[PDB]
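Here we start with a single chain on its own, the form deposited without the ligand, put down as structure tokens.
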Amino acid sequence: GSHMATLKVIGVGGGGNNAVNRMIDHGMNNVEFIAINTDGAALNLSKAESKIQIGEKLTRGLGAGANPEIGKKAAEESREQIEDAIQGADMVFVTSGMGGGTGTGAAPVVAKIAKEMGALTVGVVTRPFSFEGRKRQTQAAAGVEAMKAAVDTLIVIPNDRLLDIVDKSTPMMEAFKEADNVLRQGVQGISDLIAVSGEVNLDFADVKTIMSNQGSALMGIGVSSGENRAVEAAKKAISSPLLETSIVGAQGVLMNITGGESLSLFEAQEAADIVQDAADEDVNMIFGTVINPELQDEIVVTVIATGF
């Protein structure tokens, strides 16, 4: 009868595994985590239930030393181990920091395997800070292009955008958590969509329609209360300052609105218009509604945007 979607989040390389570690700390049920690295010492500290050391013959348990070809060969030589860990997933999020050796080279191989295994495959990757220099940025760009060829949808977070949301004292780790929220809240928004039946119900097949073989994507969530809550939640959903791909130009959108018994038709249209006017395109919308009576004055808008 009913379908149960298996979501897996895969961290590849140092930055991706720290995202996984921090997401596990935050708490994420129903999602399964996989940690993939050449660096055996970092893998030893991973909180992920499923750990895969790749490239031990190539690196002797060290990182890739910024050589993406070593990350790529390490992933290819552990293909069977990667397939075994993914097998059964309906959706896979591959998160990695681009510009080093393991993420840049291995993350596109992991994404390709996930897609070959039948999983809807989303990449969420960072680009390096400009202060890391041009060779790092150029390697990262080759990684991004390789990711884009391997995934169904790709979200790119330029680390330079973190400098737009900090003050001179913000701990680096606090900035990194802001970047993690892009992946965490996207995963959580899909999980929630999949676990609850809506009054206007969207399910994993709608996620597939909007994300499959699409390229660049935006995933966002917004929460507001009071008057203008619908407009404010929709603006929050689509307005992250950390994204390379904004909502502008979107041609397909999956939008789900969750609220209490007070959720009004009028405000549902307001939220939908905010998104479609922001896109500045004729948006093919997949619209859903959930009534959670536990919510009183709160409204949550979830947006997945593709078709750029």
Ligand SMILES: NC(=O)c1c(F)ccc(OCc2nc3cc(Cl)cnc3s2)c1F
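We number the residues from 1 along the sequence you see.
One more form of this protein exists, namely the form deposited with the ligand bound; it is left out here, but the text below deals with it.
J.: Find out whether any non-hydrogen atom of residue 90 is located within 4.5 angstroms of the ligand in the entry with it bound, and reply yes or no.
T.: No, residue 90 sits far enough from the ligand in the entry with it bound that none of its heavy atoms falls within 4.5 Å.
J.: Please tell me whether any heavy atom belonging to residue 219 falls inside 4.5 Å of a heavy atom of the ligand, as the geometry stands in the entry with it bound.
T.: Flag for residue 219 set to yes.
J.: Hey, in the entry with it bound, is residue 197 touching the ligand, heavy atoms inside 4.5 Å?
T.: Result yes; residue 197 sits at the interface with the ligand in the entry with it bound.
J.: If you check in the entry with it bound, is residue 144 within 4.5 Å of the ligand, heavy atoms only?
T.: No, no contact at 4.5 Å.
J.: I need to confirm a contact call. Of 82, 156, 238, 193, which residue comes within 4.5 Å of the ligand in the entry with it bound, counting heavy atoms only?
T.: Flagged contact: 193.
J.: Is the ligand in the entry with it bound close enough to 256, 290 and 304 that every residue in that trio has a heavy atom within 4.5 angstroms of it?
T.: Yes, because 256, 290 and 304 each have a heavy atom that approaches the ligand to within 4.5 Å in the entry with it bound.
J.: Counting only non-hydrogen atoms, choose the one of 163 to 171, 201 to 209, 72 to 80, 227 to 235 that falls within 4.5 Å of the ligand in the entry with it bound.
T.: Only one stretch passes the 4.5 Å heavy-atom test: 201 to 209.
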